[PDB]
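Beneath this line is the structure, given in structure tokens, with notes to follow.
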Amino acid sequence: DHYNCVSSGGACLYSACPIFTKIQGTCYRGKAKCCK
């Protein structure tokens, strides 16, 4: 979720993960990706 995403160094994003991150879970009731 958003909390554990960001506390782990990830970002909750709605489109493709930006360079140097990749999908590791979701945020925002499953509608965004946790890019980490």
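For the structure tokens, the naming scheme is as follows: chains receive sequential letters (A, B, ...) according to their order of presentation, residues are indexed from 1 within each chain, and ligands are indexed from 1 in presentation order.
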**OP:** Taking the DSSP assignment computed from this structure's backbone, write out as a VMD selection string all residues of chain A that belong to strand (DSSP E or B).
**Re:** chain A and resid 11 to 13 23 to 27 32 to 35
Original post:
Could you pull the residues within 10 Å of region 14-19 of chain A, counting only C-alpha atoms, minus those fewer than 6 positions along the same chain, as a list in words?
Top reply: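 Counting only C-alpha atoms, the residues come to residues 26, 27, 28, 31, 32, 33, 34, 35 and 36 of chain A.
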Would you write out those residues with C-alpha atoms, as a CSV table (one decimal), in the first residue's frame?
```
chain,number,residue,atom,x,y,z
A,26,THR,CA,0.4,-1.5,-5.5
A,27,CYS,CA,-1.0,1.7,-4.0
A,28,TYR,CA,-4.3,3.6,-3.8
A,31,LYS,CA,-5.1,1.5,-8.9
A,32,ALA,CA,-1.5,2.7,-8.8
A,33,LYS,CA,1.8,0.7,-8.9
A,34,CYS,CA,4.5,0.8,-6.2
A,35,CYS,CA,7.5,1.6,-8.3
A,36,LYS,CA,10.7,0.8,-6.3
```
